[PDB]
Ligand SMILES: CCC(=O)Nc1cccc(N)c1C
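Taking the form solved without the ligand, here's one chain by itself in structure tokens.
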């Protein structure tokens, strides 16, 4: 059955004030079926508030739209973000990896969410022993947004806790 609507929505900031429901739809329909498409407007003046949202039929379509950034809509580069679960960060905390998880375990798993720039496996300041958690920094926030909405992360056979960092 259908993924929850919240996970199929993209909020689009930075719109041209000339963008309409129709022009936003014509743009974003290139990456999937849109079940909803709205430009937010002032209730009295009807002047655009400069943001809106689109709702796709599937999560894979959201992924396709995000992978097609940057989006220039009606002459202006816009800022799409998945709806909140916005705390826009590029770094995650990964906990529960114990002492046998290495850099390549984290890279092999997380590289499929986005381009990794830093992997930091935490070690004890005094002894050098692994503390059982790590931080991963990506080149872009959408990787993190995809990661933190998953119910489960299994890395090196460990069930991990993953959260947005800083």
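Numbering follows the first chain given and starts at 1.
The discussion below concerns the form solved in complex with the ligand, not included here.
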Contact of residue 111 with the ligand in the deposited bound form (heavy atom, 4.5 Å):
yes
Requested in this report: Using a 4.5 Å heavy atom cut-off, state whether residue 63 contacts the ligand in the deposited bound form.
Outcome: yes
(message) With a cut-off of 4.5 Å between heavy atoms, is residue 98 one of the residues that contacts the ligand in the deposited bound form?
(response) no
Can any non-hydrogen atom of residue 67 be found within 4.5 angstroms of the ligand in the deposited bound form?
yes
Of the residues spanning 74-103, the ones with some heavy atom within 4.5 Å of the ligand in the deposited bound form are none
